[PDB]
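Peer 1: This is the structure I want to talk about, given as structure tokens.
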Amino acid sequence: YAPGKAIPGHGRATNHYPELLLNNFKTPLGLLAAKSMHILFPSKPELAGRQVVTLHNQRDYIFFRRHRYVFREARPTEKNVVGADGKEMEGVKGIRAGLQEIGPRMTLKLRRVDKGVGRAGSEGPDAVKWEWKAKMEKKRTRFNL
Amino acid sequence: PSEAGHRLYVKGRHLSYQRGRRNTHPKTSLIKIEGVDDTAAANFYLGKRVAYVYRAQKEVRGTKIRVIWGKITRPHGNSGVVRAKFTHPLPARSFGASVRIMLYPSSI
Amino acid sequence: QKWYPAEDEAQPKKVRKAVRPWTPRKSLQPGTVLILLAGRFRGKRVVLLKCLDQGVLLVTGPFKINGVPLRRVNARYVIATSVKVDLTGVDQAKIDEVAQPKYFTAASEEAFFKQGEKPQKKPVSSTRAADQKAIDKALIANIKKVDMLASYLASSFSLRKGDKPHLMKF
Amino acid sequence: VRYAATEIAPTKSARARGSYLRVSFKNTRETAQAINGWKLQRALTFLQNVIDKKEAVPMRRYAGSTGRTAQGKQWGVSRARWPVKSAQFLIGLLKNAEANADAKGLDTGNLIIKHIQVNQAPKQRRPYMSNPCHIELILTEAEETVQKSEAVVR
Amino acid sequence: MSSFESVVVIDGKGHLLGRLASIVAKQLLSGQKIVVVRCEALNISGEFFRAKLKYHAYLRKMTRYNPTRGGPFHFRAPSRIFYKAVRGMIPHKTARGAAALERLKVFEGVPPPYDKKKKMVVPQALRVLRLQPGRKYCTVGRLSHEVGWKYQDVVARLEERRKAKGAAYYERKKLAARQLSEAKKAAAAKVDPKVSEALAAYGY
Amino acid sequence: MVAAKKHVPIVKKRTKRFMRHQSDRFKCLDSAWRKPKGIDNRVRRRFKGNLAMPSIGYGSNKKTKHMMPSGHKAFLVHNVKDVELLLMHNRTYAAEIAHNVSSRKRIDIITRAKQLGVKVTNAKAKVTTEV
RNA sequence: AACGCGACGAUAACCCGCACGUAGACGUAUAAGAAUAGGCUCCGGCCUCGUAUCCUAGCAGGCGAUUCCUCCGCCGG
RNA sequence: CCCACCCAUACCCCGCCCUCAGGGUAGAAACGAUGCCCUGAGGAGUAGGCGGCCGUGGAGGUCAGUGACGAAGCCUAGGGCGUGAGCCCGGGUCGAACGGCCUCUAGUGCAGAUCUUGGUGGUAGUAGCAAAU
RNA sequence: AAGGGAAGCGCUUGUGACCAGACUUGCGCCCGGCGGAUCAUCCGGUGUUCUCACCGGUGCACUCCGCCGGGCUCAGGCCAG
């Protein structure tokens, strides 16, 4: 956890509704987490307030960041954003995006999802739906997301 | 508009501690109260509450004002200088500093 | 009582300290004008009504004159003035009733959702009021007899340059 | 509690390390302090001028009076020299850092040296002892400040 | 009597150097801001030849090497003489003494910012109240002039001009007193005898 | 009413440690007090303006001795057996879990002490709250 | 005076971002000069005493009148 | 000559520490009679003598002692205990053993010894390019 | 953060920075319901210090405990006047 005050080169968030970028959630558990965050955030962002809230998931490590837009032309010394497997995307040929982090840095990692309001509140035979385990995370190629 | 004063205290100066010639005792301070120059006046001002007010360059309760409290106890010498004891000894650089002597507790 | 002494907690020996009537200073008489020096009414001129126990005093402004309601004051924290306004016409039964200590003495959704909020300033009861009036009608009726006493009680005391309390005669 | 300032983004940053370099630690420290906190092109041209005997590195901490010329006016220091091997290896290391940043995909135009640290190395056991050094330098694209959208009242 | 002021202006005419300087030093340590004018009008007891002899001995006191560092700088200005006295009585090598010295200011003549201000006197240092009538005395300004002070004439003409302006100010003050007293009488002609007797009884 | 017994107020004659002479100037000298043996050492001679020496006069009151500021004496505890030893005397002693105790045994000590009314100085060592 | 001062000439204002708000005020009011074996003055008289003068009332000082042309403050000549 | 005033670890009152001395304490105590309670006195200290207590390596007994869900070690602008040597805990690192008490044992406690070994500084990027390298 | 020809140390505040987090905060009585029990001169079994225990089984007439929902009281840690 890191506050914006400590973050160098930061800024405040504005009252505008920001849009959420939920990246690389593939397993059903990842979709569940992504939809929970989508419910937490508003459906229609105020695109006039150019703010992005991004949760990027890689290797079960959910990364939270908050930035804001500047869509600007590419400077002569800059690059054109190259594509992954299909480099040099077509259509955005001279424009970049400026990002200035205006939100706290935290990393979240899911450990438990329950049916009701906690273990005290989950009562049926399926009281617990998922619990993170070191036996599950033993192999580095096993990602629960 | 009132255009008047709000002062309910008597001015004084923290001057030095109770000291000999080469040995000081910060636990007790010497105060010169304005207008008093005799042991009778010091006796009147005996047993009184005392406040030292200073700035802090940081707000703790929404203000930078900090107050150290104490009491005038018994007179010093014959010139009306009085002796005071505080909860915490006055800093040291307050030698010659403005201090407030309250009018309570009152025997009038 | 219910529980036998659980540990070696020793009872205190008998303490030979009795409580005896407090003797106020001679300057404190019913009707004396007092000078509040501390509290949120510091520097304010009020009128004494009755001497309570353990150094406490009951005073009023009166409210319509300066703005001080029926309140308690510490004798050591208040200064007595030689001027004494006559107290004829004030109800002594009402004085006793307001001098009784209880007068000034006294988990749900609302609590949980008010948690952390600064409490609102509650208004004055009609009983604390209406008793303020039951006393002040007669008290100010007394005030208009004495010349300039109303302005004296209305203004707030302060110290001027050269004013020396050890020589000043209050 | 208190939070220390977080590190700059690794994909906005570039790192370079050179260990066990056979150049005098004092000279490398002086050159690093001279070039610290500057523009990448400015630092490269400065070091090239140092090699070309054109601009002088001022000595502040490890200062031995060798030269008192007019080249020390721009620093306000009366002691300035020309560390050749220092300039050359540091040029190599910032070129390596620039290549690393280009590989990472940073804007070559705005690399600035935030950090350059020179430490001592294990002494070359040959009494005449050599003093090798370690040099680590961290570069970033210039920090970007962007517009606000006007706050909407509601 | 034991009064605290924002700043105290002391007219230096007729004051003994040592006594006035000691009182000023004690006031500075107490924290009272003090400014002294007419340091050229200050007075020193004894005889003028004794004063010249001692200050010439002070001039004789010099360092052996170049008199630029650590050497006694002989300041021939009367204000600096008063400053030397107060500095000798002040713990000048400590922070408290430095604060007292900064609280003290001394001048020659009376610049306008202090000529348009009130000047206090110290009875314990007055030459008239302190020295025996038969005793002799000397002037700091005369000593400074004969030892090397260069601006005795400058302060002379500036002081004379100040005298002329002060005389004009007093004349206008006389006129103000005229009007004030006449207003007193004219208003007292219809001053509500009841309130007038009230003031008489209470003593104002 | 869950606190220590009525006790004489805790008065500490000296709060600052006694420092070894010249330990400030030499790092090889640890700050632990060592009584000097020099025949002319100023600290041993007890001149004014020198480091004081430890003394049974500085020794503290027996009634307030070994007492924590809350008013309990620290009891080093390793298990629920130690907690049950503190059973009868919790108003006199407060549990202090040993550093080498594992997480579950720490939890058991905390739970038993809470059930038993025994204050624990380190109840937040290797544990966290779960809802 | 390289940590004393003055006069003068010529300048550095905008765009974006972000960071914070007393070596001792509380009425911190008061200008003749000059002498002290003299001085002040209104020309009547006055002087041991600044123990004086000025100012000093209103929610940390409101609202409306009553009623006063008295002071205070800001800008222009 | 007279009056008041200022302060030493000096004298007076009180609290606390320890030592000393005196007294009390069993058909047992509301605290290990090597225990508990009460009272009075004293308190510098070289050579020297006596007691107690802290700490280290190992051994017997014991704590159904701690521990890979973390032993020992180390670092730490943290919380305590003891007058003190020292002890306990919190945070980080770390990975395989370790501790409290009763005794037994000794290669058991460092600032000096132009001390030993090893490592590292100022001199200094200086003297000088000299053998070595 | 500090530095006008030494530093370093002692007693005592003050300022700034960082860190910690105070008493561990409850018993008692009175009502209405519910359930368990040295309750029942209840039945049965087991082990025993042979007179004390522990179980299995009925109930709630009395007695005692709790749990629930009410009601009242008291006690508390530190610091000031």
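Following the order of the structure tokens, first chain is A, next is B, and so on, with residues numbered from 1 inside each chain and ligands from 1 in the order they appear.
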Using the chain letters and numbers from this document, which residues of stretch 6-181 of chain E does DSSP assign to strand (DSSP E or B), as a list in words?

Peer 2: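 After running DSSP on the backbone, stretch 6-181 of chain E has strand (DSSP E or B) at residues 8, 9, 10, 11, 15, 16, 34, 35, 36, 37, 43, 44, 45, 104, 105, 106, 120, 126, 137, 138 and 139 of chain E.
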
Peer 1: For chain G, list the residues within 8 Å of chain B, counting only C-alpha atoms (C1' of nucleotides), and write the list as a list in words.

Peer 2: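 Filtering chain G at 8 Å from chain B with only C-alpha atoms (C1' of nucleotides) gives residues 23, 24, 26, 27, 56, 57, 58 and 61 of chain G.
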
Peer 1: Given only C-alpha atoms (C1' of nucleotides) as the basis, pick out the residue of H:112, H:67, H:82, H:92 nearest to residue F:15.

Peer 2: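 The closest residue to residue F:15 is H:82.
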
Peer 1: So that I can see what lies close to residue A:102, please list as a PyMOL selection string the residues with an atom at most 12 Å from it, counting only C-alpha atoms (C1' of nucleotides) and leaving out residues fewer than 5 positions away in the same chain.

Peer 2: (chain A and resi 2-14+18+50-54+64-69) or (chain D and resi 144-148) or (chain G and resi 17-18)

Peer 1: Go ahead and compute the interatomic distance for atom CA of residue E:64 and atom CA of residue E:140, in Å to one decimal.

Peer 2: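 One can read the atom CA of residue E:64 to atom CA of residue E:140 distance as 28.5 Å.
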
Peer 1: Rounded to one decimal, what separation in Å do you get between atom CA of residue A:42 and atom CA of residue A:119?

Peer 2: 28.2 Å

Peer 1: Can you measure atom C1' of residue H:102 to atom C1' of residue H:34 for me? One decimal in Å is fine.

Peer 2: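 Atom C1' of residue H:34 lies 16.0 Å from atom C1' of residue H:102.
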
Peer 1: If you take only C-alpha atoms and a cut-off of 12 Å, which residues of chain D touch chain A, and what are their nearest atom pairs and distances in Å to one decimal, in chain and number order, as JSON lines?

Peer 2:
```
{"residue": "D:1", "atom": "CA", "partner": "A:2", "partner_atom": "CA", "distance": 11.3}
{"residue": "D:2", "atom": "CA", "partner": "A:6", "partner_atom": "CA", "distance": 9.1}
{"residue": "D:3", "atom": "CA", "partner": "A:6", "partner_atom": "CA", "distance": 6.5}
{"residue": "D:4", "atom": "CA", "partner": "A:6", "partner_atom": "CA", "distance": 6.5}
{"residue": "D:5", "atom": "CA", "partner": "A:6", "partner_atom": "CA", "distance": 4.7}
{"residue": "D:6", "atom": "CA", "partner": "A:7", "partner_atom": "CA", "distance": 5.7}
{"residue": "D:7", "atom": "CA", "partner": "A:7", "partner_atom": "CA", "distance": 8.2}
{"residue": "D:8", "atom": "CA", "partner": "A:8", "partner_atom": "CA", "distance": 7.7}
{"residue": "D:9", "atom": "CA", "partner": "A:8", "partner_atom": "CA", "distance": 10.4}
{"residue": "D:12", "atom": "CA", "partner": "A:99", "partner_atom": "CA", "distance": 11.1}
{"residue": "D:101", "atom": "CA", "partner": "A:78", "partner_atom": "CA", "distance": 11.9}
{"residue": "D:102", "atom": "CA", "partner": "A:79", "partner_atom": "CA", "distance": 9.6}
{"residue": "D:103", "atom": "CA", "partner": "A:79", "partner_atom": "CA", "distance": 11.4}
{"residue": "D:104", "atom": "CA", "partner": "A:79", "partner_atom": "CA", "distance": 11.3}
{"residue": "D:105", "atom": "CA", "partner": "A:79", "partner_atom": "CA", "distance": 7.5}
{"residue": "D:106", "atom": "CA", "partner": "A:78", "partner_atom": "CA", "distance": 7.4}
{"residue": "D:107", "atom": "CA", "partner": "A:78", "partner_atom": "CA", "distance": 4.7}
{"residue": "D:108", "atom": "CA", "partner": "A:77", "partner_atom": "CA", "distance": 5.9}
{"residue": "D:109", "atom": "CA", "partner": "A:77", "partner_atom": "CA", "distance": 5.2}
{"residue": "D:110", "atom": "CA", "partner": "A:77", "partner_atom": "CA", "distance": 8.4}
{"residue": "D:111", "atom": "CA", "partner": "A:77", "partner_atom": "CA", "distance": 10.8}
{"residue": "D:141", "atom": "CA", "partner": "A:78", "partner_atom": "CA", "distance": 10.8}
{"residue": "D:142", "atom": "CA", "partner": "A:9", "partner_atom": "CA", "distance": 10.1}
{"residue": "D:143", "atom": "CA", "partner": "A:9", "partner_atom": "CA", "distance": 6.4}
{"residue": "D:144", "atom": "CA", "partner": "A:100", "partner_atom": "CA", "distance": 6.5}
{"residue": "D:145", "atom": "CA", "partner": "A:100", "partner_atom": "CA", "distance": 6.4}
{"residue": "D:146", "atom": "CA", "partner": "A:100", "partner_atom": "CA", "distance": 6.5}
{"residue": "D:147", "atom": "CA", "partner": "A:70", "partner_atom": "CA", "distance": 7.4}
{"residue": "D:148", "atom": "CA", "partner": "A:49", "partner_atom": "CA", "distance": 7.9}
{"residue": "D:149", "atom": "CA", "partner": "A:49", "partner_atom": "CA", "distance": 5.3}
{"residue": "D:150", "atom": "CA", "partner": "A:49", "partner_atom": "CA", "distance": 7.6}
{"residue": "D:151", "atom": "CA", "partner": "A:15", "partner_atom": "CA", "distance": 6.2}
{"residue": "D:152", "atom": "CA", "partner": "A:15", "partner_atom": "CA", "distance": 7.1}
{"residue": "D:153", "atom": "CA", "partner": "A:15", "partner_atom": "CA", "distance": 8.6}
{"residue": "D:154", "atom": "CA", "partner": "A:15", "partner_atom": "CA", "distance": 9.6}
```

Peer 1: Write the selection just made, keeping N, CA, C and O atoms, as a CSV table (one decimal), in the first residue's frame?

Peer 2:
```
chain,number,residue,atom,x,y,z
D,1,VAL,N,0.8,5.2,10.2
D,1,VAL,CA,2.2,5.3,10.1
D,1,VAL,C,2.7,6.2,9.0
D,1,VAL,O,1.9,6.9,8.4
D,2,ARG,N,4.0,6.1,8.6
D,2,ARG,CA,4.5,6.9,7.5
D,2,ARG,C,4.9,5.9,6.4
D,2,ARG,O,5.2,4.8,6.6
D,3,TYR,N,4.8,6.4,5.2
D,3,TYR,CA,5.1,5.6,4.0
D,3,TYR,C,6.3,6.3,3.2
D,3,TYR,O,6.2,7.5,2.9
D,4,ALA,N,7.3,5.5,3.0
D,4,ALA,CA,8.4,6.0,2.2
D,4,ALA,C,8.0,6.2,0.7
D,4,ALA,O,7.0,5.6,0.2
D,5,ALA,N,8.6,7.2,0.0
D,5,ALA,CA,8.3,7.5,-1.3
D,5,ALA,C,8.5,6.2,-2.2
D,5,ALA,O,9.6,5.6,-2.2
D,6,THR,N,7.5,5.9,-3.0
D,6,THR,CA,7.5,4.6,-3.8
D,6,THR,C,8.5,4.8,-5.0
D,6,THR,O,8.7,6.0,-5.4
D,7,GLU,N,9.1,3.7,-5.4
D,7,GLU,CA,10.0,3.8,-6.5
D,7,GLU,C,9.3,4.1,-7.8
D,7,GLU,O,8.1,3.8,-8.0
D,8,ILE,N,10.0,4.7,-8.8
D,8,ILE,CA,9.5,5.0,-10.1
D,8,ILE,C,9.2,3.7,-10.8
D,8,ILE,O,9.9,2.7,-10.6
D,9,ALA,N,8.3,3.7,-11.7
D,9,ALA,CA,7.8,2.5,-12.4
D,9,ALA,C,9.0,1.9,-13.2
D,9,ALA,O,9.7,2.6,-13.9
D,12,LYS,N,9.0,2.6,-16.6
D,12,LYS,CA,9.4,4.0,-16.9
D,12,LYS,C,10.8,4.2,-16.5
D,12,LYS,O,11.3,5.4,-16.7
D,101,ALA,N,17.1,1.0,-22.1
D,101,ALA,CA,15.8,1.7,-22.1
D,101,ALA,C,15.1,1.6,-23.5
D,101,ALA,O,13.9,1.5,-23.6
D,102,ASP,N,15.9,1.6,-24.6
D,102,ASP,CA,15.3,1.4,-25.9
D,102,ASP,C,14.7,0.1,-26.0
D,102,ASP,O,13.6,-0.1,-26.6
D,103,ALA,N,15.4,-1.0,-25.5
D,103,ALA,CA,14.8,-2.3,-25.5
D,103,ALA,C,13.5,-2.3,-24.7
D,103,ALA,O,12.5,-3.0,-25.1
D,104,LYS,N,13.5,-1.7,-23.5
D,104,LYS,CA,12.3,-1.6,-22.7
D,104,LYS,C,11.2,-0.8,-23.4
D,104,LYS,O,10.0,-0.9,-23.0
D,105,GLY,N,11.5,0.0,-24.4
D,105,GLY,CA,10.5,0.8,-25.1
D,105,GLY,C,10.2,2.2,-24.4
D,105,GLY,O,9.1,2.5,-24.3
D,106,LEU,N,11.3,2.9,-24.0
D,106,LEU,CA,11.1,4.2,-23.4
D,106,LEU,C,11.4,5.3,-24.5
D,106,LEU,O,12.0,5.0,-25.5
D,107,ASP,N,11.0,6.5,-24.2
D,107,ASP,CA,11.2,7.7,-25.1
D,107,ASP,C,12.7,8.1,-24.9
D,107,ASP,O,13.1,8.6,-23.9
D,108,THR,N,13.5,7.8,-26.0
D,108,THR,CA,14.9,8.1,-25.9
D,108,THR,C,15.2,9.6,-25.6
D,108,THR,O,16.2,10.0,-25.0
D,109,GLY,N,14.2,10.5,-26.0
D,109,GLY,CA,14.5,11.9,-25.9
D,109,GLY,C,14.6,12.4,-24.5
D,109,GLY,O,15.2,13.5,-24.3
D,110,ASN,N,13.9,11.8,-23.6
D,110,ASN,CA,13.8,12.3,-22.2
D,110,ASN,C,14.4,11.5,-21.1
D,110,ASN,O,13.9,11.5,-20.0
D,111,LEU,N,15.4,10.7,-21.4
D,111,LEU,CA,16.2,10.0,-20.3
D,111,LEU,C,17.0,11.0,-19.5
D,111,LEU,O,17.7,11.8,-20.0
D,141,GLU,N,12.5,8.5,-18.0
D,141,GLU,CA,11.8,9.5,-18.8
D,141,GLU,C,11.3,10.6,-17.8
D,141,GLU,O,10.9,10.3,-16.7
D,142,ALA,N,11.3,11.8,-18.4
D,142,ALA,CA,10.9,13.0,-17.6
D,142,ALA,C,9.5,12.8,-17.0
D,142,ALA,O,8.6,12.3,-17.7
D,143,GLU,N,9.3,13.2,-15.8
D,143,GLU,CA,7.9,13.0,-15.2
D,143,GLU,C,6.9,13.9,-15.9
D,143,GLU,O,7.2,15.0,-16.4
D,144,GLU,N,5.7,13.4,-16.1
D,144,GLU,CA,4.7,14.0,-16.9
D,144,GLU,C,3.6,14.5,-16.0
D,144,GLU,O,3.1,13.8,-15.1
D,145,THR,N,3.3,15.8,-16.2
D,145,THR,CA,2.2,16.5,-15.5
D,145,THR,C,1.1,16.8,-16.6
D,145,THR,O,1.4,17.3,-17.6
D,146,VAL,N,-0.1,16.4,-16.3
D,146,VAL,CA,-1.2,16.4,-17.3
D,146,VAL,C,-2.4,17.2,-16.8
D,146,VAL,O,-2.4,17.7,-15.7
D,147,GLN,N,-3.3,17.4,-17.7
D,147,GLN,CA,-4.4,18.3,-17.5
D,147,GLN,C,-5.4,17.8,-16.5
D,147,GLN,O,-5.5,16.6,-16.2
D,148,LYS,N,-6.2,18.7,-15.9
D,148,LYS,CA,-7.4,18.3,-15.1
D,148,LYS,C,-8.6,18.5,-16.0
D,148,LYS,O,-8.6,19.4,-16.8
D,149,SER,N,-9.6,17.7,-15.8
D,149,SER,CA,-11.0,18.0,-16.2
D,149,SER,C,-11.7,18.9,-15.2
D,149,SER,O,-11.6,18.6,-14.0
D,150,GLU,N,-12.4,19.9,-15.6
D,150,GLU,CA,-13.1,20.7,-14.7
D,150,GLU,C,-14.1,19.9,-13.9
D,150,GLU,O,-14.9,19.2,-14.5
D,151,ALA,N,-14.1,20.1,-12.6
D,151,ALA,CA,-15.0,19.3,-11.7
D,151,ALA,C,-16.5,19.7,-12.0
D,151,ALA,O,-16.8,20.9,-12.1
D,152,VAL,N,-17.3,18.7,-12.1
D,152,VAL,CA,-18.8,18.9,-12.3
D,152,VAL,C,-19.5,18.9,-11.0
D,152,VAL,O,-19.3,18.1,-10.1
D,153,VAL,N,-20.4,19.9,-10.8
D,153,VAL,CA,-21.1,20.1,-9.6
D,153,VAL,C,-22.4,19.3,-9.7
D,153,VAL,O,-22.9,19.1,-10.8
D,154,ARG,N,-22.8,18.8,-8.6
D,154,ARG,CA,-24.0,17.9,-8.6
D,154,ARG,C,-24.6,17.8,-7.2
D,154,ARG,O,-24.8,18.8,-6.5
```

Peer 1: Which residues of chain I are close to chain D, meaning at most 12 Å apart when you count only C-alpha atoms (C1' of nucleotides), and how do they look as a ChimeraX atom specification?

Peer 2: /I:17-20

Peer 1: Could you please take those selected residues and save N, CA, C and O atoms (P, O5', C5', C4', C3', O3' and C1' of nucleotides) as a PDB file, in the first residue's frame?

Peer 2:
```
ATOM      1  P     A I  17       7.025  17.458  12.414  1.00  0.00           P
ATOM      2  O5'   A I  17       7.950  16.182  12.193  1.00  0.00           O
ATOM      3  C5'   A I  17       8.805  16.092  11.064  1.00  0.00           C
ATOM      4  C4'   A I  17       9.701  14.884  11.151  1.00  0.00           C
ATOM      5  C3'   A I  17       9.012  13.582  11.512  1.00  0.00           C
ATOM      6  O3'   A I  17       8.370  12.978  10.404  1.00  0.00           O
ATOM      7  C1'   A I  17      10.959  13.825  12.822  1.00  0.00           C
ATOM      8  P     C I  18       6.950  12.254  10.597  1.00  0.00           P
ATOM      9  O5'   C I  18       7.334  10.823  11.174  1.00  0.00           O
ATOM     10  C5'   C I  18       8.234   9.982  10.471  1.00  0.00           C
ATOM     11  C4'   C I  18       8.858   8.954  11.377  1.00  0.00           C
ATOM     12  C3'   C I  18       7.894   8.094  12.177  1.00  0.00           C
ATOM     13  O3'   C I  18       7.349   7.026  11.425  1.00  0.00           O
ATOM     14  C1'   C I  18       9.606   8.881  13.597  1.00  0.00           C
ATOM     15  P     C I  19       5.894   6.447  11.784  1.00  0.00           P
ATOM     16  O5'   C I  19       6.104   5.719  13.183  1.00  0.00           O
ATOM     17  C5'   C I  19       6.966   4.598  13.291  1.00  0.00           C
ATOM     18  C4'   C I  19       7.157   4.178  14.726  1.00  0.00           C
ATOM     19  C3'   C I  19       5.892   3.905  15.519  1.00  0.00           C
ATOM     20  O3'   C I  19       5.322   2.640  15.238  1.00  0.00           O
ATOM     21  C1'   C I  19       7.365   5.210  16.819  1.00  0.00           C
ATOM     22  P     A I  20       3.740   2.419  15.407  1.00  0.00           P
ATOM     23  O5'   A I  20       3.540   2.295  16.981  1.00  0.00           O
ATOM     24  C5'   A I  20       4.254   1.318  17.723  1.00  0.00           C
ATOM     25  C4'   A I  20       4.146   1.555  19.208  1.00  0.00           C
ATOM     26  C3'   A I  20       2.739   1.618  19.774  1.00  0.00           C
ATOM     27  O3'   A I  20       2.190   0.328  19.977  1.00  0.00           O
ATOM     28  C1'   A I  20       4.079   3.348  20.706  1.00  0.00           C
TER      29        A I  20
END
```

Peer 1: Please give the complete set of residues from chain F that DSSP, run on the backbone, assigns to helix (DSSP H, G or I), formatted as an mmCIF file with C-alpha atoms, in the first residue's frame.

Peer 2:
```
data_model
loop_
_atom_site.group_PDB
_atom_site.id
_atom_site.type_symbol
_atom_site.label_atom_id
_atom_site.label_comp_id
_atom_site.auth_asym_id
_atom_site.auth_seq_id
_atom_site.Cartn_x
_atom_site.Cartn_y
_atom_site.Cartn_z
ATOM 1 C CA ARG F 42 37.055 12.536 37.482
ATOM 2 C CA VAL F 43 33.993 10.278 37.264
ATOM 3 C CA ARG F 44 35.296 8.044 40.061
ATOM 4 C CA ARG F 45 36.307 11.087 42.122
ATOM 5 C CA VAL F 80 -1.382 -22.821 28.628
ATOM 6 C CA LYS F 81 0.306 -24.543 31.565
ATOM 7 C CA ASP F 82 2.018 -21.243 32.387
ATOM 8 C CA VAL F 83 -1.302 -19.447 31.931
ATOM 9 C CA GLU F 84 -2.978 -21.844 34.380
ATOM 10 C CA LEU F 85 -0.073 -21.078 36.707
ATOM 11 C CA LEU F 86 -1.039 -17.382 36.426
ATOM 12 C CA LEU F 87 -4.666 -18.431 37.104
ATOM 13 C CA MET F 88 -4.830 -17.340 40.750
ATOM 14 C CA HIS F 89 -2.719 -14.182 40.430
ATOM 15 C CA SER F 103 1.754 -19.303 16.213
ATOM 16 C CA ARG F 104 -0.927 -21.744 17.393
ATOM 17 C CA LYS F 105 0.558 -21.981 20.876
ATOM 18 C CA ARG F 106 0.575 -18.187 20.972
ATOM 19 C CA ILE F 107 -3.102 -18.279 19.977
ATOM 20 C CA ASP F 108 -3.898 -20.809 22.702
ATOM 21 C CA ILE F 109 -2.086 -18.708 25.312
ATOM 22 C CA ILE F 110 -3.997 -15.602 24.213
ATOM 23 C CA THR F 111 -7.361 -17.392 24.217
ATOM 24 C CA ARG F 112 -6.824 -19.043 27.601
ATOM 25 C CA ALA F 113 -5.529 -15.792 29.118
ATOM 26 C CA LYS F 114 -8.545 -13.889 27.791
ATOM 27 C CA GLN F 115 -10.870 -16.526 29.245
ATOM 28 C CA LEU F 116 -8.836 -16.347 32.465
#
```

Peer 1: Report as a PyMOL selection string all protein, DNA and RNA residues lying within 9 Å of residue I:14, evaluated on only C-alpha atoms (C1' of nucleotides), omitting residues in the same chain fewer than 2 positions from it.

Peer 2: chain B and resi 90-93

Peer 1: Go through E:138, E:84, E:115, E:93 one by one, measure the shortest atom-to-atom distance of each to chain I using only C-alpha atoms (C1' of nucleotides), and give the residue with the smallest value.

Peer 2: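 Closest candidate: E:93.
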
Peer 1: Using only C-alpha atoms (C1' of nucleotides), determine which residues lie at most 8 Å from stretch 8-10 of chain B, disregarding the query and same-chain residues fewer than 6 positions distant; provide the list as a list in words.

Peer 2: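 Close residues of stretch 8-10 of chain B: residues 33, 34, 100, 101, 102 and 103 of chain B; 37, 43, 158 and 159 of chain C.
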
Peer 1: Just the residues within 10 Å of stretch 54-69 of chain D, please, counting only C-alpha atoms (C1' of nucleotides), with nothing from its chain fewer than 3 positions along; format it as a ChimeraX atom specification.

Peer 2: /D:25-27,29-35,45-51,72-83,87 /H:124-126

Peer 1: Mind checking which residues fall within 8 Å of residue F:117, counting only C-alpha atoms (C1' of nucleotides), ignoring those fewer than 4 positions away in the same chain, and posting them as a list in words?

Peer 2: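 Surrounding residues, per the criterion: residues 2, 90 and 113 of chain F; 24 of chain I.
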
Peer 1: Compile the residues of chain E that lie within 7 Å of chain B, evaluated using only C-alpha atoms, and express the compilation as an mmCIF file with C-alpha atoms, in the first residue's frame.

Peer 2:
```cif
data_model
loop_
_atom_site.group_PDB
_atom_site.id
_atom_site.type_symbol
_atom_site.label_atom_id
_atom_site.label_comp_id
_atom_site.auth_asym_id
_atom_site.auth_seq_id
_atom_site.Cartn_x
_atom_site.Cartn_y
_atom_site.Cartn_z
ATOM 1 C CA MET E 1 7.243 52.634 37.946
ATOM 2 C CA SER E 2 7.953 49.122 36.636
ATOM 3 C CA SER E 3 6.233 49.770 33.294
ATOM 4 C CA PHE E 4 6.532 47.625 30.166
ATOM 5 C CA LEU E 29 18.408 41.206 29.696
ATOM 6 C CA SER E 30 14.882 41.739 31.037
ATOM 7 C CA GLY E 31 13.739 41.996 27.409
#
```

Peer 1: Point out the residue among H:95, H:17, H:24, H:110 with the least atom-to-atom distance to residue H:71, counting only C-alpha atoms (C1' of nucleotides).

Peer 2: H:95

Peer 1: Select residues of chain A: the criterion is any atom within 9 Å of an atom of chain F, counting only C-alpha atoms; output as a ChimeraX atom specification.

Peer 2: /A:117-120

Peer 1: For chain B, which residue among I:22, I:80, I:68, I:11 is the nearest when counting only C-alpha atoms (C1' of nucleotides)?

Peer 2: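 Selected residue with least distance to chain B: I:11.
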